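Below, in structure tokens: the form deposited in one PDB entry, a single chain.
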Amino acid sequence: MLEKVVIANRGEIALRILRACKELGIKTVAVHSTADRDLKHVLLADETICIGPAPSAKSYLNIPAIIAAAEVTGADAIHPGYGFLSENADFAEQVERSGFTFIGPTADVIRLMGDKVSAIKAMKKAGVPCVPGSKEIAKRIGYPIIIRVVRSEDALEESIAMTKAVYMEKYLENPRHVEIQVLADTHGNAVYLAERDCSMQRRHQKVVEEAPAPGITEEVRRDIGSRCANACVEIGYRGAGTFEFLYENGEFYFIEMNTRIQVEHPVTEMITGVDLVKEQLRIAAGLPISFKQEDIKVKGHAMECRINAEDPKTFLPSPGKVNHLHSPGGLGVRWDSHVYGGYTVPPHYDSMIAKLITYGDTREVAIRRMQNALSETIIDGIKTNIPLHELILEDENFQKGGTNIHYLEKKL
């Protein structure tokens, strides 16, 4: 089985992975850049290997250095986390060709779902609902469409010329972002783990996520979920994955499959009692999913706020030394973070410093727990987006639930 895993990532997800490994008695190898020697997970890992200088291109995206790290430590597997190389099929193929287990899908399936086109075709074949699309095509679909968004037909031709200098589909004006978590194993099983609503976004970048999605009934959950699970089997999916949908007037429209773990996986953990990273590790080792579809029942409600080191108004990054950290706790409060007092947040990577996750028996309780946890949270020395979260949580439309993917931008 898996005895030693290279954690080919950094920051909070690297720590998340290390925690799962340590629970399973799996030895860890932390590969890191020169700028990341003081990362919490690096300090906790069984072995450490510096894979390059600060820039991602020369370290966390350095395929030969990461593979060499696996070789010299005698590792069995590599966990890519999210971002960086996690959906790089050339990386996955090289990992397997080098004799290591890639903790994720097979390269071929990554490539398949890594092409906007083949993805849709595979989903349509599998019965997963997609956005209508593909001269009179635009007409068939119904305006507005998108090649440049086109709202009228007299502008279609010119628009197509602009963009070409190459396909269409229905533009949904005000949809929600709703995504279905799945797991698939090497024993022919695939399960769905309810859904997440991640509609609160700025520039297509998620800010707050929750589970389950407000308004979604169990009947609807079972319908869309079962289609996603079937799809997994049809394409030979392996590991954790997410089917992302635009959701509008009660209809789902596939937009992308993330063939990896996602940042917001913890809200699903809280409402289903599944440890998604441990399942990744078990599935990669060849084991079956540790439960059946009938074992899963949504209970309660969970929310996640991505706490970023950035100015809460202009959103410019705020690197620097965290002089004081006070993290919240108590019942129904979860804190997933690599940051500690005295830690210096570097400029080289993303701005995430923590994920604050709350759970309650109702959405109302989860929201109030999030507000109270935020009020207890102190991060001194750098700016954070905590004030933005506090604005979102007290928003009357957010309290009602069901705000669309353009709402946050409209607000502000």
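Rigid core: the largest C-alpha set superposing within 1.5 Å between the two forms. From 1 onward, residues are counted along the sequence shown. Residues that one form lacks are left out of the comparison.
Note: missing coordinates for residue 281 occur in none of the other compared entries bracketing this position, so the one-third threshold is not reached. In at least a third of the other compared PDB entries of this protein that cover both flanking sides, residue 166 is left without coordinates. According to the record, the deposited sequence contains 10 or more residues between residue 147 and residue 148 that were left without coordinates.
In this entry, 397 to 405 has the higher mean Cα B-factor, the comparison being between 5 to 13 and 397 to 405. When 224 to 232 is weighed against 79 to 87, 224 to 232 comes out higher, by mean CA B-factor as recorded in the entry. Ranking 275, 336, 179, 136 by Cα temperature factor from the entry places 136 first.
Within the selection 184, 207, 284, 165, the deposited Cα B-factor values reach their highest point at 165. Ranked by Cα temperature factor within the chain, residue 203 sits in the highest third according to the deposited record. When the CA B factors of the chain's modelled residues are split into thirds, the value for residue 325 lands in the middle one. Residue 340: CA B factor lies in the lowest third for its chain, per the PDB record. When the modelled residues of the chain are ordered by C-alpha B-factor, residue 279 sits in the lowest third. In the deposited entry, the Cα temperature factor of residue 195 places it in the middle third of its chain's modelled residues.
Below, we turn to the form deposited in another entry, even though it does not appear here.
Only one of 327, 101, 159, 86 has its C-alpha shifted by 2 Å or more between the shown form and the other one once the core is superposed, and that residue is 159. In a core-based superposition, a mobile segment is defined as at least three consecutive common residues whose CA atoms each shift by 2 Å or more; between the shown form and the other one, just one such segment exists, spanning 152 to 165.
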